[PDB]
Each structure stands twice: as C-alpha cells, then as structure tokens.
Amino acid sequence: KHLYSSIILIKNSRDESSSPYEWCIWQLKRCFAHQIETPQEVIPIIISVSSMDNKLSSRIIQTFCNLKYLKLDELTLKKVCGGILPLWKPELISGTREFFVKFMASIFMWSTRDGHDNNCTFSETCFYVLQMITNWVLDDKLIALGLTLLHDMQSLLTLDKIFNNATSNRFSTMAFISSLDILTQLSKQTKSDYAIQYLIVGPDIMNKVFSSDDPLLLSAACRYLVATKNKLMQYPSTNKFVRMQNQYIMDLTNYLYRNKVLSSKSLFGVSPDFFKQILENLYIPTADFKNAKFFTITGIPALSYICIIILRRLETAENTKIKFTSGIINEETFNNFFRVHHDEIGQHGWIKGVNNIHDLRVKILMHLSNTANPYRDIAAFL
Amino acid sequence: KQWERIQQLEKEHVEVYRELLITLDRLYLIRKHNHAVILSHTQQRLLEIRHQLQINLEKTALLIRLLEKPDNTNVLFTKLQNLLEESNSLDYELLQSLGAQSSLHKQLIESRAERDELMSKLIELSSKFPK
Amino acid sequence: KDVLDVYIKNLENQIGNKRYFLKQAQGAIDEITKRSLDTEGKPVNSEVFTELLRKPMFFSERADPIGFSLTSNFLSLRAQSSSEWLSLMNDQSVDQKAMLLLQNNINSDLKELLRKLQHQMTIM
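For the protein sequence lines, the chains are I, H and K, in the order given. Numbering of the first sequence is given in the deposited numbering, commencing with residue 337 and proceeding in unit increments. Numbering of the second sequence is given in the deposited numbering, commencing with residue 7 and proceeding in unit increments. Numbering of the third sequence is given in the deposited numbering, commencing with residue 5 and proceeding in unit increments.
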C-alpha cells in the first residue's frame, strides 16, 4: 500500500520520464497557480516521493526558483525549500556557486522592499540553505564548495536593512548562530584537510555582528573563539592570518572584563577618541562615570539586566536576607550603597563576596559557567 | 488605548533618527571635498559600525539614570520593568531547539545513506533477473 | 493618566525638530553638486576619511524622549518575533518527525524484499 510508489520506480529504471517523476513535477506546476486545492495535503506526498532521488531532486531546484515563480504564492516554495533542500548533492560541481548566490540575491531584493515587513520570507530560506551546507560538508570532495558559499552567505546576511537596532525581527541572529556553529562543528572535528582561509569570518562581516544587542549571538561568537582556539595554535601565528583573531580576542577581553576600554587603542577600530567625545555629553554627573557606563549593554556581566536577575535569584535561594535595593549594578552604586550604607547593619547576610565589585562579578561568573543551564560564556580572562 | 500612539509615533521617531544620523554624516564628506561621494563595501562597514556603536552607547543612558532609583513612574518605570523583564525565552526553549533540529536532521540523512545505496544495489538484482 | 499626556508633546516637539534638521541637511546635500555636474567622484582617500571616524554628530539636548524611545521599539519586536519563530520551528520539527516513521518503515520492507529475491536468485 505504501511501496508501489517505489517498485514502480525500480521496475524499468531511473533517470527517465517514468510515472512518479512526471507526476510530482506536474503537481508542483499545478500548486503555485491558485486554481487547485490548497497544497497542505499534496506537498507531504511530494516531500515523501522526493527525499533522496537525486536524479529528480536535481531538477526541482533548476526550475522552481529565481523569481520566475516566486511572486505567485511564496507561501509554499518556502515549504518546498524546507523539504528538498536539506537533502541534495551536486554533480555539476562548477555550476552551483554561480547559482545559489543569484538565487538568494533575487530572494533579498524582493524580501525586504515590498510589504516593508520581513514576515518570514528571507531568513528561513537562508536557514534551509544553511542546513543544506551541513549535508554538503559532512561528505568529502565538495567542502571546497561549501566553505566558499558560506562566506558570501554571511556577507549577504549582514546588510543592514535586516540586522540592526531600528527593526530587528531576530531572523538575522539565530540564522547567523546556525551559520557559525556549523563552522565550529567543522572546526572541532578531526582530519584537517583545509587551509585556514576557509574558517575565519574576517573583520568586515563579524566585527559588525559582535557589537549587537542580543546576548545569545554574543554567546555564539564567544563559542567560536572558545572552540577555534583549538587547531589554530598549530599554525605559526607570526603574522599570517591569526592577527585578526588576536585583534578580536584583545578587544573582547578589553570589552567584557578588562576595563581599560576608554584610553586603550582602536578597540573595534573606531579610534576611541570617539568615546571621549560621546561620553562627555550625557547625564547623571556623579564622579565614577567613565568606567561605570561603557561596560555592557543588555545582558552580560556588569551593566545589564541578566546580572541582577541571576544575582537576586542567587541570594534568595541561598540565604534569605536583606534583598537588593536597586536595579543594575555598577562600579559606584554597589559601593556607595552596600559599603557605606550597610556597613555594620546587614554585614554578614551575603554570599561571602567579602570584597567590592572585583569579586562580585566572579561570584556570578562562576555561576554562569558551572551550572550548565543559561549559556556557556567564559572568554573573560582567556 | 493610549499606548499604540506611543508605539507608532515611536517607530516613526526611530526611523527619522536613523536616517538623519546617516545623511548628516554624508553631508560632511560632501562639504569637505568638491563632489567626491562614492564609497564601496570595504569602508561602508567602518562607517556603519560606528553608527551601531553610538546608538548602542545612547542605549545605556537609561540603565544608569532611570533604573537606579526604584520609582513608580507610570509611563516610564512599570512598562520598562514589565517589558525589559521579557526576552526570557533566550535559554532552553529557544537555544536547544536549534540543537534538536540538527539532532533530527542527522538521523534523517542517516536514513537516506542506507536507502540510496540500497536502491543502487537493488537495480543490479533486477536487470540480472532473466526473462 | 496625565504624565503620558505630557510625554506625548515632549515626543512631538523633538520629532518635529529632527524632521526639520533632516529637511535642512537634505536640502544642503546637493549644495556643491550644481557647481560641476560630475556625479561619480571616486577619491575619498584614506588620509582624510580616517578623520571622519573620530568625530560624531547630532547630540541630544536633555529633553530626551530618544532615551526611552530605543527600548520600546526594540524589546517589543524581539519578544514578538521570538514568539513567532518558535511556532515555525515546532511546525517543521513536527512534520519531519512525521516523515521519519513514514520513511523508516520502508527501509525494513526493501531489505526483506531483496532477501527473498536473493533466495529466488539462488534457487533460479
């Protein structure tokens, strides 16, 4: 009952106009034009009959793409590209890089211009091609295609009608963390057979992402360096290509723990006199104002919200004592309140953080790390 | 009731800020040279990360002068406390969903590496089949 | 119920001021364009453009509804988009777990099929 869509295939041979191969592609040319019934119970038959039938799955891609059918429905080619695209192989090895780039540029010029609302039209197709790239890189003989399509895939994701703080919609950022952990799963794996050029994103399309506002892709960019620190130690780092991630580690450490961020050198490359001429026009004019302000934004260690929501839960589940009296910690609010305001009264009702701030970050930095729930974000010192 | 006015006037305000902070910086390069305004994607990024970083630095001029003193400002404290308590889906209900989808994909390609070689070997026991 | 009624006008004044700054600056965009219509202008060379990444522009002026502005247009859209992206990812995971059964029962039937056909091959 569910095999005679396979023995009818095996009966004569493959790779010719048999019964099912004509049928499914005629159903695809029928489903885009809205005259047939809605395809929610037709496309499961399609995704069943077109799983790994390579002589057929190399034929829907060259037909139902590149905007010639995309403007008709688009609510179902996304589902087709969720189906066939995670299961594909190339055999025209030279005629693919000149096809997916054109295809997704033609996605992008229609994705973010008309409608003016990214209602799940671009980035899921990027996530599906990015899922395909796992299937490509897992085999051999064509990873040189994969780690050449991946870099301009990331250089097409980081155009700034998608990624930044006016409107975000998140569909850039987790597609990007998939796009980076596929590379780090390539990184941790054994049997090195590639040059270093394939696996470092470079300061034009990673220095913009690392300065974002969501915590978890900053954790993914941390996970990159904490795993690509392996296998780049073997290459001689005497100024060939490893200078780029020396720059990236020596401003991430200068950003999140080593608070020397003001009078240092060009940290992202912005020549930090920009900071001396942007800090000096903002308010709350108290004394500790240079080192307090520019340390974090929306979620990691000092100036955040995730710090105090982990610290207040941390001390309400160890010693139920005097609760915290304000919002976000700093260098000055914690000092000038909980040293000269609860010196004797409320002295030993704390988490044995006997010093000031320099040990207050550590008694949550050894809480994000060991308990494996929230993130794994440990590129502070190392 | 009286928050959708805030949201729509808000989005218009952010868009006007975003456009002005680009055009008012291209005007400098107009006035400095004579005509001389093209720049490619090598140095477009260096002009763009700065306008990322400046608006991100203006972001932290609230979490030091508005959310230290725990007031009860109706428009400006309780909405910020109800709404910046959100983005609580960042952990397991969204991060390891991205793990589980790959953990499903790995089994789905493993269940095709069998079937492809299976049919490519099952061909050779059907043409060998005499008449 | 009245603090927000003042916050409305504090928003209106500064959004009008930013509109007027944008109109004046955009009217002064094409000032030195009419002197010699070239409209390509390649040299933006590094000796003078590196100066531009050292001085900002358009500071705030303490009335500041640009402060609260950036959060209620970011942390509403982030939460809303997450609560849609979970729905789409769970839909795809449900449909692929539906497909694993329907094409893992096939890999048994074909193995036991080619076993019996190899038996008929051996008996000829």
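C-beta: ideal position from N, C-alpha, C; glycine also.
Subject >> Neighbour list for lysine 101 of chain K in chain H, Cβ cutoff strictly below 9 Å >> reply: For the C-beta of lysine 101 of chain K, the chain H residues within less than 9 Å are, from N- to C-terminus, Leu110.
Subject >> Within 9 Å of chain I by C-beta, residues of the stretch 55-74 of chain K in sequence order >> reply: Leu57, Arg58, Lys59, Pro60, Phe63, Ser64, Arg66, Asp68 and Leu74
Original post:
Which chain H residues are close to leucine 639 of chain I, counting only those with a beta carbon under 9 Å from its beta carbon?
Top reply: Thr66, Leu69 and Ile70
Subject >> Beta-carbon separation (whole angstroms), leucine 33 of chain H vs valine 48 of chain K, contact threshold 8 Å >> reply: Between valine 48 of chain K and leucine 33 of chain H the Cβ distance is about 14 Å, and since that is not below 8 Å, they are no contact.
Original post:
So the alpha helix (DSSP H) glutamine 122 of chain K belongs to, where does it begin and stop?
Top reply: Start and end: 110-127.
Original post:
Roughly how many angstroms separate the alpha carbons of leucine 56 of chain K and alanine 29 of chain K, rounded to a whole number?
Top reply: Rounded to whole angstroms, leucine 56 of chain K to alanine 29 of chain K spans 17 Å at the Cα level.
Original post:
For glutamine 100 of chain K, which option in I/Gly419, I/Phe444, I/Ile443 and I/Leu428 has the closest C-alpha, if you only look at C-alpha atoms?
Top reply: Ranking I/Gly419, I/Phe444, I/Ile443 and I/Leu428 by CA distance to the CA of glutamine 100 of chain K puts I/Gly419 first.
Subject >> Burial state of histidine 123 of chain K, where buried means 16 or more other Cβ atoms lie within 10 Å >> reply: exposed
**OP:** Measure the C-alpha to C-alpha separation of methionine 580 of chain I and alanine 531 of chain I and round it to an integer number of angstroms.
**Re:** 16 Å
**OP:** Give the straight-line distance between the Cα atoms of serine 548 of chain I and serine 555 of chain I, rounded to the nearest whole angstrom.
**Re:** 11 Å
Subject >> Residues, ordered as in the chain, of the stretch 595-607 of chain I that lie near chain H by beta-carbon distance below 9 Å >> reply: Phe604, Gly605 and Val606
Subject >> Spatial neighbours of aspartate 624 of chain I in its chain, beta-carbon cut-off 6 Å, leaving aside the 5 residues before and after >> reply: Closer than 6 Å at the Cβ level, and outside the excluded window around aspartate 624 of chain I, lie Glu667 and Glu668.
**OP:** With a cut-off of 8 Å on the beta carbons, I'd call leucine 59 of chain H and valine 606 of chain I a contact; round off their distance for me.
**Re:** Correct: roughly 6 Å between the Cβ atoms.
Subject >> Under the three-state DSSP convention, the category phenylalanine 630 of chain I falls into >> reply: Strand, per DSSP.
Original post:
Using a Cβ cut-off of 7 Å, which residues of the stretch 450-463 of chain I contact any Cβ in chain H, in chain order?
Top reply: none
Original post:
Applying a beta-carbon distance threshold of less than 9 Å, which residues of chain I neighbour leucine 106 of chain K?
Top reply: Correct list: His338, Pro380 and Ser384.
Original post:
Applying a beta-carbon distance threshold of less than 7 Å, which residues of chain K neighbour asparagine 505 of chain I?
Top reply: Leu81 and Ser85
**OP:** Answer yes if the stretch 87-96 of chain H comes into contact with the stretch 70-88 of chain K, meaning at least three C-beta pairs across the two stretches below 8 Å, and no otherwise.
**Re:** With the cut-off at 8 Å, the stretch 70-88 of chain K and the stretch 87-96 of chain H touch.
Original post:
When the Cα atoms are used, what is the spatial distance from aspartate 540 of chain I to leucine 114 of chain H?
Top reply: 35 Å
Subject >> Per-residue DSSP class, three states only, for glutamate 116 of chain H >> reply: Note: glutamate 116 of chain H maps to helix in three-state DSSP.
Original post:
Nearest CA to the CA of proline 637 of chain I: which residue from I/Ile664, I/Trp362 and I/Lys657?
Top reply: I/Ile664
Subject >> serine 523 of chain I vs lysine 477 of chain I beta-carbon contact at 8 Å >> reply: no
Subject >> Proximity winner among H/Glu130, H/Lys134 and H/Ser126, relative to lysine 391 of chain I (alpha-carbon distances) >> reply: With respect to the C-alpha of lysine 391 of chain I, the residue from H/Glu130, H/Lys134 and H/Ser126 having the closest C-alpha is H/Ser126.
Original post:
Among I/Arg449, I/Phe458, I/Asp496 and I/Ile379, which residue has its Cα nearest to the Cα of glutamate 54 of chain H?
Top reply: I/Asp496
**OP:** Let me know the secondary structure DSSP gives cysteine 401 of chain I once reduced to three states.
**Re:** coil
Subject >> Test item: CB-CB of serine 447 of chain I and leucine 423 of chain I under 8 Å >> reply: no
Subject >> Residues that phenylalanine 610 of chain I contacts on chain K, provided the C-beta gap is smaller than 8 Å >> reply: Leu57, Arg58, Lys59 and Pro60
Original post:
Given 8 Å as the limit, is there contact between the stretch 590-602 of chain I and the stretch 512-521 of chain I, that is, 3 or more CB pairs closer than that?
Top reply: Touching, no.
Subject >> Through-space distance from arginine 121 of chain H to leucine 118 of chain K, alpha-carbon basis >> reply: 13 Å
Subject >> Continuous alpha helix (DSSP H) stretch holding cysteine 456 of chain I: start and end >> reply: Here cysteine 456 of chain I belongs to no alpha helix (DSSP H), and DSSP marks it neither H nor E.
Subject >> Three-state secondary structure assigned by DSSP to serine 126 of chain H >> reply: helix
Original post:
Taking C-alpha atoms, which residue in I/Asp453, I/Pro380, I/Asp351 and I/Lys404 lies nearest to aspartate 389 of chain I?
Top reply: I/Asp351
Original post:
Alpha carbon to alpha carbon, how far is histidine 111 of chain H from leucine 428 of chain I?
Top reply: Those two C-alpha atoms are separated by around 25 Å.
**OP:** Would you kindly check if the distance between the Cβ of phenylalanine 717 of chain I and the Cβ of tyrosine 591 of chain I is under 8 Å?
**Re:** no
Original post:
Can you tell me whether DSSP reads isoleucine 620 of chain I as helix, strand or coil?
Top reply: coil
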